[PDB]
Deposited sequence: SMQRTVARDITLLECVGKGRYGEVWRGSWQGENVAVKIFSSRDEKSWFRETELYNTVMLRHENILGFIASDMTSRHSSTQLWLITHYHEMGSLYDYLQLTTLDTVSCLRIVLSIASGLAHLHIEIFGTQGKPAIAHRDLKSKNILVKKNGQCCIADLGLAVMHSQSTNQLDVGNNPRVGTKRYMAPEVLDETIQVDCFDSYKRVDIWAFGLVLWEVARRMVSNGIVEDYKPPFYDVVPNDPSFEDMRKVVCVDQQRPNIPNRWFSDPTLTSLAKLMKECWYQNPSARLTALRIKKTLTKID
């Protein structure tokens, strides 16, 4: 039989330290192709090792198609489903949201995250992501999102983006031998993403401009120290605008994001408790 392996690379949709992402075509169908830099080979190995352990299949996890290693140097590609609307970060820049769309986005992210976190017997190991952020979430045409990039993921039976690092990562108190520690770092990051999205939800004719978390207190490409001073020493958290308190949905979302941002990691909500709270809003 013929094993059709040719992928036509059509346009670059992302470039960074990690390498490049391309829209490609296989047998007439769009795929996404991540071509890894030499600098970031261990991300390809860790994602490939994870998928060789458990073939994750979930509507809120970016869909795996293939890992390819080709002898040239060594060329490393990760092939996934393609989401033409791009990342949540991309989408929020010039889209505003209503209540239904905002809730659908954040509950879909919580659903993907709880699926990663939960151990299933007979199944999957528990998985922590370790680099959750709006650039690592894609928007689907149906209004739900999916979580991408398991290059830093850890399983239980490169470091994270500094802007999204939890206080225990910045002050190096994280209990590194404890898998629940890593889930709690993802919940912190989830709360920041929830803040990013909620800002873009309209209420009473008002909306905030897109900003990244901590835009008002750290520079672009903040240092580890910049972040530690804000999050650990001064214990700052993202601003909740007054206008949210006129809207029941944004009032409930503010409470939720507060319960993802406790200094004490074990006080933070779990992904499953966040889902339940989101299903009871509106």
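- Counting the deposited sequence from 1, the stretches lacking C-alpha coordinates are 1-3, 76-77, 128-129, 165-176.
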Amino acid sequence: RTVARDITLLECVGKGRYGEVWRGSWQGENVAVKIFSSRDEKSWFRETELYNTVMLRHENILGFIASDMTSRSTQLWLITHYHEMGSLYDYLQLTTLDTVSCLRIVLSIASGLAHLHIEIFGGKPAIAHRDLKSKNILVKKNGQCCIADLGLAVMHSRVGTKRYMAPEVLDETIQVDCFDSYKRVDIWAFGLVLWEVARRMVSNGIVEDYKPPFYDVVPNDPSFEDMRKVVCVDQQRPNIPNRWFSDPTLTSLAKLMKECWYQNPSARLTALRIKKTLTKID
From here on, numbers count along this sequence of modelled residues.
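Rigid core: the largest C-alpha set superposing within 1.5 Å between the two forms.
- Stretch 73-81 is the one, of 73-81 and 105-113, whose CA positions lie farther from the shown form in 6 other deposited structures of this protein once all structures are superposed by the rigid core.
- With 261-269 and 5-13 as candidates, the stretch whose CA atoms show the greater average offset from this form in 6 other deposited structures of this protein after a core fit is 5-13.
- Residue-level annotation: residue 99 has coordinates in all of the other entries compared, counting only those that model residues on either side of it, so it never reaches the one-third mark.
- Compared with the other entries of this protein, residue 157 is frequently left unbuilt, missing from a third or more of those that build its neighbours.
- Stretches 187-195 and 75-83 differ in mean C-alpha B factor, with the higher average recorded for 75-83.
- Mean C-alpha B-factor is higher over 3-11 than over the other stretch, the pair under comparison being 3-11 and 271-279.
- Take 215, 51, 45, 26 and read off each C-alpha B-factor from the entry; 26 has the highest.
- Highest C-alpha temperature factor among 225, 59, 234, 40, as the PDB entry reports it: 40.
- When the CA B factors of the chain's modelled residues are split into thirds, the value for residue 149 lands in the lowest one.
- In the deposited entry, the Cα temperature factor of residue 156 places it in the highest third of its chain's modelled residues.
- Per the deposited record, the Cα B-factor of residue 129 falls in the lowest third when ranked against the other modelled residues of its chain.
- When the CA B factors of the chain's modelled residues are split into thirds, the value for residue 181 lands in the middle one.
- Placement of the Cα temperature factor of residue 138 within the chain: lowest third of the modelled residues, per the deposited record.
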